[PDB]
Amino acid sequence: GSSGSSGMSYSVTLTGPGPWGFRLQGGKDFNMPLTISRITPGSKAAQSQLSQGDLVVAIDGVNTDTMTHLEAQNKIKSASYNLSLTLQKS
């Protein structure tokens with residue numbers, strides 16, 4: 001069928017430069033949801049709403065379900081002024 005359940009979709013604003021002490025997990029090229037692999041303790045990512053396990057939907061306003069693990073990651077670099085990341089509550 002067609003129907004997805006949600007809990008709470010949020011976003012994070014990681015102003016740059018960060019750096020972004022957070023890695024991505026799974027991905028489209030992995031047939032997995034882009035989740036917050038890991039996060040650096042004391043980093044901005046660990047001072048926002050970014051948490052390990054989070055479900056990334058869009059990066060800087062760009063869905064990930066379509067973007068591969070790399071692509072998504074490449075987006076992190078692409079970011080400049082700010083690094084927005086839309087997550088979802090599993």
# chains A, B, ... in the order shown; residues from 1 in each chain; ligands from 1
$ select_by_dssp --residues "region 13-88 of chain A" --states "alpha helix (DSSP H)" --output "MDAnalysis selection string"
chainID A and resid 69:78
$ residues_around --residues "region 19-24 of chain A" --least-positions-apart "5" --cutoff "12 Å" --atoms "only C-alpha atoms" --output "PDB file with N, CA, C and O atoms, in the first residue's frame"
ATOM      1  N   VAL A  12      17.757  20.515  12.354  1.00  0.00           N
ATOM      2  CA  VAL A  12      18.876  21.022  13.131  1.00  0.00           C
ATOM      3  C   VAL A  12      19.642  22.053  12.299  1.00  0.00           C
ATOM      4  O   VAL A  12      19.853  21.857  11.103  1.00  0.00           O
ATOM      5  N   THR A  13      20.037  23.128  12.965  1.00  0.00           N
ATOM      6  CA  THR A  13      20.775  24.189  12.303  1.00  0.00           C
ATOM      7  C   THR A  13      22.214  24.241  12.819  1.00  0.00           C
ATOM      8  O   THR A  13      22.485  24.849  13.853  1.00  0.00           O
ATOM      9  N   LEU A  14      23.099  23.594  12.076  1.00  0.00           N
ATOM     10  CA  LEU A  14      24.505  23.558  12.446  1.00  0.00           C
ATOM     11  C   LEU A  14      25.259  24.640  11.671  1.00  0.00           C
ATOM     12  O   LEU A  14      25.766  24.387  10.579  1.00  0.00           O
ATOM     13  N   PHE A  30      22.521   2.122   0.372  1.00  0.00           N
ATOM     14  CA  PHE A  30      22.579   1.024   1.322  1.00  0.00           C
ATOM     15  C   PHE A  30      21.180   0.478   1.613  1.00  0.00           C
ATOM     16  O   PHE A  30      21.030  -0.489   2.359  1.00  0.00           O
ATOM     17  N   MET A  32      18.999   1.936   3.262  1.00  0.00           N
ATOM     18  CA  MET A  32      18.719   2.244   4.654  1.00  0.00           C
ATOM     19  C   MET A  32      18.468   3.742   4.844  1.00  0.00           C
ATOM     20  O   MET A  32      18.907   4.557   4.033  1.00  0.00           O
ATOM     21  N   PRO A  33      17.745   4.069   5.949  1.00  0.00           N
ATOM     22  CA  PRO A  33      17.432   5.454   6.255  1.00  0.00           C
ATOM     23  C   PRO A  33      18.659   6.187   6.800  1.00  0.00           C
ATOM     24  O   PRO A  33      19.310   5.710   7.730  1.00  0.00           O
ATOM     25  N   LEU A  34      18.941   7.333   6.198  1.00  0.00           N
ATOM     26  CA  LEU A  34      20.079   8.135   6.611  1.00  0.00           C
ATOM     27  C   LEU A  34      19.906   8.543   8.076  1.00  0.00           C
ATOM     28  O   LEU A  34      19.132   9.449   8.385  1.00  0.00           O
ATOM     29  N   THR A  35      20.638   7.854   8.939  1.00  0.00           N
ATOM     30  CA  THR A  35      20.575   8.133  10.364  1.00  0.00           C
ATOM     31  C   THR A  35      21.910   8.696  10.857  1.00  0.00           C
ATOM     32  O   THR A  35      22.931   8.559  10.184  1.00  0.00           O
ATOM     33  N   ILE A  36      21.859   9.316  12.026  1.00  0.00           N
ATOM     34  CA  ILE A  36      23.051   9.900  12.617  1.00  0.00           C
ATOM     35  C   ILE A  36      23.954   8.781  13.142  1.00  0.00           C
ATOM     36  O   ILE A  36      23.769   8.302  14.259  1.00  0.00           O
ATOM     37  N   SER A  37      24.912   8.399  12.310  1.00  0.00           N
ATOM     38  CA  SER A  37      25.845   7.346  12.677  1.00  0.00           C
ATOM     39  C   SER A  37      26.419   7.618  14.068  1.00  0.00           C
ATOM     40  O   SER A  37      26.079   6.929  15.029  1.00  0.00           O
ATOM     41  N   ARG A  38      27.281   8.623  14.132  1.00  0.00           N
ATOM     42  CA  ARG A  38      27.907   8.993  15.390  1.00  0.00           C
ATOM     43  C   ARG A  38      27.962  10.517  15.526  1.00  0.00           C
ATOM     44  O   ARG A  38      27.680  11.239  14.571  1.00  0.00           O
ATOM     45  N   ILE A  39      28.326  10.959  16.721  1.00  0.00           N
ATOM     46  CA  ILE A  39      28.423  12.382  16.994  1.00  0.00           C
ATOM     47  C   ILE A  39      29.588  12.635  17.952  1.00  0.00           C
ATOM     48  O   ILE A  39      29.844  11.835  18.851  1.00  0.00           O
ATOM     49  N   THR A  40      30.265  13.753  17.728  1.00  0.00           N
ATOM     50  CA  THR A  40      31.398  14.121  18.560  1.00  0.00           C
ATOM     51  C   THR A  40      30.918  14.813  19.837  1.00  0.00           C
ATOM     52  O   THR A  40      30.070  15.702  19.786  1.00  0.00           O
ATOM     53  N   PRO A  41      31.497  14.368  20.984  1.00  0.00           N
ATOM     54  CA  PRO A  41      31.138  14.933  22.273  1.00  0.00           C
ATOM     55  C   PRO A  41      31.762  16.319  22.457  1.00  0.00           C
ATOM     56  O   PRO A  41      32.984  16.455  22.482  1.00  0.00           O
ATOM     57  N   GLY A  42      30.893  17.311  22.580  1.00  0.00           N
ATOM     58  CA  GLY A  42      31.343  18.681  22.760  1.00  0.00           C
ATOM     59  C   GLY A  42      31.171  19.488  21.472  1.00  0.00           C
ATOM     60  O   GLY A  42      31.403  20.697  21.456  1.00  0.00           O
ATOM     61  N   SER A  43      30.764  18.790  20.422  1.00  0.00           N
ATOM     62  CA  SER A  43      30.558  19.426  19.133  1.00  0.00           C
ATOM     63  C   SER A  43      29.190  20.111  19.099  1.00  0.00           C
ATOM     64  O   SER A  43      28.366  19.901  19.988  1.00  0.00           O
ATOM     65  N   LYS A  44      28.991  20.915  18.066  1.00  0.00           N
ATOM     66  CA  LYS A  44      27.738  21.630  17.904  1.00  0.00           C
ATOM     67  C   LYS A  44      26.604  20.625  17.691  1.00  0.00           C
ATOM     68  O   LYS A  44      25.469  20.869  18.096  1.00  0.00           O
ATOM     69  N   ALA A  45      26.953  19.515  17.057  1.00  0.00           N
ATOM     70  CA  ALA A  45      25.980  18.471  16.785  1.00  0.00           C
ATOM     71  C   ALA A  45      25.500  17.870  18.108  1.00  0.00           C
ATOM     72  O   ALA A  45      24.387  17.353  18.191  1.00  0.00           O
ATOM     73  N   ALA A  46      26.364  17.958  19.109  1.00  0.00           N
ATOM     74  CA  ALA A  46      26.043  17.428  20.423  1.00  0.00           C
ATOM     75  C   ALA A  46      25.524  18.560  21.311  1.00  0.00           C
ATOM     76  O   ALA A  46      25.478  18.425  22.533  1.00  0.00           O
ATOM     77  N   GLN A  47      25.145  19.651  20.662  1.00  0.00           N
ATOM     78  CA  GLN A  47      24.630  20.807  21.378  1.00  0.00           C
ATOM     79  C   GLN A  47      23.369  21.337  20.693  1.00  0.00           C
ATOM     80  O   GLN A  47      22.954  22.469  20.938  1.00  0.00           O
ATOM     81  N   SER A  48      22.795  20.494  19.846  1.00  0.00           N
ATOM     82  CA  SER A  48      21.590  20.865  19.124  1.00  0.00           C
ATOM     83  C   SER A  48      20.493  19.827  19.371  1.00  0.00           C
ATOM     84  O   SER A  48      20.094  19.599  20.512  1.00  0.00           O
ATOM     85  N   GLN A  49      20.034  19.227  18.283  1.00  0.00           N
ATOM     86  CA  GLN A  49      18.991  18.218  18.367  1.00  0.00           C
ATOM     87  C   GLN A  49      19.447  16.925  17.688  1.00  0.00           C
ATOM     88  O   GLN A  49      18.700  15.949  17.639  1.00  0.00           O
ATOM     89  N   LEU A  50      20.672  16.958  17.184  1.00  0.00           N
ATOM     90  CA  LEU A  50      21.236  15.800  16.511  1.00  0.00           C
ATOM     91  C   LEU A  50      21.590  14.735  17.550  1.00  0.00           C
ATOM     92  O   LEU A  50      22.302  15.014  18.513  1.00  0.00           O
ATOM     93  N   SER A  51      21.077  13.536  17.319  1.00  0.00           N
ATOM     94  CA  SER A  51      21.330  12.427  18.223  1.00  0.00           C
ATOM     95  C   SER A  51      21.578  11.146  17.425  1.00  0.00           C
ATOM     96  O   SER A  51      21.051  10.984  16.325  1.00  0.00           O
ATOM     97  N   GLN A  52      22.381  10.269  18.008  1.00  0.00           N
ATOM     98  CA  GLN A  52      22.706   9.007  17.364  1.00  0.00           C
ATOM     99  C   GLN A  52      21.445   8.158  17.194  1.00  0.00           C
ATOM    100  O   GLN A  52      20.757   7.859  18.169  1.00  0.00           O
ATOM    101  N   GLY A  53      21.180   7.792  15.948  1.00  0.00           N
ATOM    102  CA  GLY A  53      20.014   6.983  15.639  1.00  0.00           C
ATOM    103  C   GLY A  53      18.964   7.801  14.883  1.00  0.00           C
ATOM    104  O   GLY A  53      18.159   7.246  14.137  1.00  0.00           O
ATOM    105  N   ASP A  54      19.007   9.106  15.104  1.00  0.00           N
ATOM    106  CA  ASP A  54      18.069  10.006  14.454  1.00  0.00           C
ATOM    107  C   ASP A  54      17.859   9.559  13.006  1.00  0.00           C
ATOM    108  O   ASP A  54      18.715   8.889  12.430  1.00  0.00           O
ATOM    109  N   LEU A  55      16.716   9.946  12.461  1.00  0.00           N
ATOM    110  CA  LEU A  55      16.383   9.593  11.091  1.00  0.00           C
ATOM    111  C   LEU A  55      16.397  10.854  10.226  1.00  0.00           C
ATOM    112  O   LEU A  55      15.478  11.669  10.295  1.00  0.00           O
ATOM    113  N   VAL A  56      17.449  10.976   9.430  1.00  0.00           N
ATOM    114  CA  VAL A  56      17.595  12.124   8.552  1.00  0.00           C
ATOM    115  C   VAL A  56      16.679  11.952   7.338  1.00  0.00           C
ATOM    116  O   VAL A  56      16.658  10.890   6.718  1.00  0.00           O
ATOM    117  N   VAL A  57      15.946  13.013   7.035  1.00  0.00           N
ATOM    118  CA  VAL A  57      15.031  12.993   5.906  1.00  0.00           C
ATOM    119  C   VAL A  57      15.578  13.892   4.795  1.00  0.00           C
ATOM    120  O   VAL A  57      15.707  13.461   3.650  1.00  0.00           O
ATOM    121  N   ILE A  59      18.582  17.112   3.965  1.00  0.00           N
ATOM    122  CA  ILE A  59      19.800  17.773   4.402  1.00  0.00           C
ATOM    123  C   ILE A  59      19.877  19.162   3.764  1.00  0.00           C
ATOM    124  O   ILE A  59      20.071  19.284   2.555  1.00  0.00           O
ATOM    125  N   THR A  64      16.954  12.860   1.581  1.00  0.00           N
ATOM    126  CA  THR A  64      18.075  11.936   1.551  1.00  0.00           C
ATOM    127  C   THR A  64      17.640  10.588   0.973  1.00  0.00           C
ATOM    128  O   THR A  64      18.447   9.873   0.380  1.00  0.00           O
ATOM    129  N   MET A  67      19.054  10.637  -1.943  1.00  0.00           N
ATOM    130  CA  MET A  67      20.498  10.794  -1.907  1.00  0.00           C
ATOM    131  C   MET A  67      21.159   9.609  -1.200  1.00  0.00           C
ATOM    132  O   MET A  67      20.690   9.164  -0.154  1.00  0.00           O
ATOM    133  N   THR A  68      22.239   9.131  -1.802  1.00  0.00           N
ATOM    134  CA  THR A  68      22.970   8.006  -1.243  1.00  0.00           C
ATOM    135  C   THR A  68      23.755   8.442  -0.005  1.00  0.00           C
ATOM    136  O   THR A  68      23.794   9.627   0.325  1.00  0.00           O
ATOM    137  N   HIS A  69      24.361   7.461   0.649  1.00  0.00           N
ATOM    138  CA  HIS A  69      25.142   7.729   1.844  1.00  0.00           C
ATOM    139  C   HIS A  69      26.183   8.810   1.545  1.00  0.00           C
ATOM    140  O   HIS A  69      26.331   9.762   2.309  1.00  0.00           O
ATOM    141  N   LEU A  70      26.878   8.625   0.432  1.00  0.00           N
ATOM    142  CA  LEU A  70      27.901   9.573   0.023  1.00  0.00           C
ATOM    143  C   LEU A  70      27.250  10.927  -0.263  1.00  0.00           C
ATOM    144  O   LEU A  70      27.560  11.921   0.394  1.00  0.00           O
ATOM    145  N   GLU A  71      26.358  10.925  -1.243  1.00  0.00           N
ATOM    146  CA  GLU A  71      25.660  12.141  -1.623  1.00  0.00           C
ATOM    147  C   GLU A  71      25.312  12.964  -0.381  1.00  0.00           C
ATOM    148  O   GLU A  71      25.725  14.116  -0.259  1.00  0.00           O
ATOM    149  N   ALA A  72      24.554  12.339   0.509  1.00  0.00           N
ATOM    150  CA  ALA A  72      24.145  12.999   1.737  1.00  0.00           C
ATOM    151  C   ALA A  72      25.373  13.606   2.418  1.00  0.00           C
ATOM    152  O   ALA A  72      25.356  14.773   2.811  1.00  0.00           O
ATOM    153  N   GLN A  73      26.408  12.789   2.539  1.00  0.00           N
ATOM    154  CA  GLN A  73      27.642  13.231   3.165  1.00  0.00           C
ATOM    155  C   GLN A  73      28.228  14.423   2.405  1.00  0.00           C
ATOM    156  O   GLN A  73      28.618  15.419   3.009  1.00  0.00           O
ATOM    157  N   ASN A  74      28.270  14.280   1.088  1.00  0.00           N
ATOM    158  CA  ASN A  74      28.800  15.332   0.237  1.00  0.00           C
ATOM    159  C   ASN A  74      28.045  16.633   0.512  1.00  0.00           C
ATOM    160  O   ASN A  74      28.604  17.721   0.378  1.00  0.00           O
ATOM    161  N   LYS A  75      26.784  16.481   0.891  1.00  0.00           N
ATOM    162  CA  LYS A  75      25.946  17.631   1.185  1.00  0.00           C
ATOM    163  C   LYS A  75      26.517  18.376   2.394  1.00  0.00           C
ATOM    164  O   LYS A  75      26.515  19.605   2.427  1.00  0.00           O
ATOM    165  N   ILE A  76      26.993  17.599   3.357  1.00  0.00           N
ATOM    166  CA  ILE A  76      27.567  18.171   4.563  1.00  0.00           C
ATOM    167  C   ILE A  76      28.674  19.155   4.181  1.00  0.00           C
ATOM    168  O   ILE A  76      28.744  20.258   4.722  1.00  0.00           O
ATOM    169  N   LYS A  77      29.511  18.722   3.250  1.00  0.00           N
ATOM    170  CA  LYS A  77      30.612  19.551   2.788  1.00  0.00           C
ATOM    171  C   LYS A  77      30.053  20.746   2.013  1.00  0.00           C
ATOM    172  O   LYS A  77      30.476  21.881   2.227  1.00  0.00           O
ATOM    173  N   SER A  78      29.113  20.450   1.129  1.00  0.00           N
ATOM    174  CA  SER A  78      28.492  21.486   0.322  1.00  0.00           C
ATOM    175  C   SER A  78      28.091  22.669   1.205  1.00  0.00           C
ATOM    176  O   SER A  78      28.402  23.817   0.891  1.00  0.00           O
ATOM    177  N   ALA A  79      27.405  22.348   2.292  1.00  0.00           N
ATOM    178  CA  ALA A  79      26.958  23.370   3.223  1.00  0.00           C
ATOM    179  C   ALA A  79      28.093  24.369   3.462  1.00  0.00           C
ATOM    180  O   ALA A  79      29.266  24.024   3.330  1.00  0.00           O
ATOM    181  N   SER A  80      27.703  25.587   3.807  1.00  0.00           N
ATOM    182  CA  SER A  80      28.673  26.639   4.065  1.00  0.00           C
ATOM    183  C   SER A  80      28.226  27.482   5.260  1.00  0.00           C
ATOM    184  O   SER A  80      28.575  27.183   6.401  1.00  0.00           O
ATOM    185  N   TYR A  81      27.459  28.520   4.957  1.00  0.00           N
ATOM    186  CA  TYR A  81      26.961  29.409   5.993  1.00  0.00           C
ATOM    187  C   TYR A  81      26.372  28.615   7.160  1.00  0.00           C
ATOM    188  O   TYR A  81      26.759  28.816   8.310  1.00  0.00           O
ATOM    189  N   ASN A  82      25.446  27.730   6.825  1.00  0.00           N
ATOM    190  CA  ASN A  82      24.799  26.904   7.831  1.00  0.00           C
ATOM    191  C   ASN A  82      24.593  25.495   7.272  1.00  0.00           C
ATOM    192  O   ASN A  82      24.524  25.308   6.059  1.00  0.00           O
ATOM    193  N   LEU A  83      24.498  24.538   8.185  1.00  0.00           N
ATOM    194  CA  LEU A  83      24.300  23.152   7.799  1.00  0.00           C
ATOM    195  C   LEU A  83      22.990  22.641   8.403  1.00  0.00           C
ATOM    196  O   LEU A  83      22.974  22.145   9.528  1.00  0.00           O
ATOM    197  N   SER A  84      21.924  22.780   7.629  1.00  0.00           N
ATOM    198  CA  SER A  84      20.613  22.337   8.074  1.00  0.00           C
ATOM    199  C   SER A  84      20.440  20.845   7.791  1.00  0.00           C
ATOM    200  O   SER A  84      20.928  20.340   6.781  1.00  0.00           O
ATOM    201  N   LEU A  85      19.745  20.179   8.701  1.00  0.00           N
ATOM    202  CA  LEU A  85      19.501  18.753   8.562  1.00  0.00           C
ATOM    203  C   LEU A  85      18.144  18.408   9.180  1.00  0.00           C
ATOM    204  O   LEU A  85      17.938  18.598  10.378  1.00  0.00           O
ATOM    205  N   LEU A  87      15.598  15.888  10.510  1.00  0.00           N
ATOM    206  CA  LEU A  87      15.539  14.551  11.077  1.00  0.00           C
ATOM    207  C   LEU A  87      14.081  14.185  11.360  1.00  0.00           C
ATOM    208  O   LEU A  87      13.192  15.026  11.241  1.00  0.00           O
TER     209      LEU A  87
END
$ atom_distance --atom1 "CA of residue 16 (chain A)" --atom2 "CA of residue 90 (chain A)"
27.1 Å
$ atom_distance --atom1 "CA of residue 31 (chain A)" --atom2 "CA of residue 8 (chain A)"
22.2 Å
$ atom_distance --atom1 "CA of residue 63 (chain A)" --atom2 "CA of residue 17 (chain A)"
22.1 Å
$ closest_residue --among "A:25, A:86, A:66, A:60" --to "residue 11 (chain A)" --atoms "only C-alpha atoms"
A:86
$ closest_residue --among "A:9, A:15, A:3, A:65" --to "residue 28 (chain A)" --atoms "only C-alpha atoms"
A:65
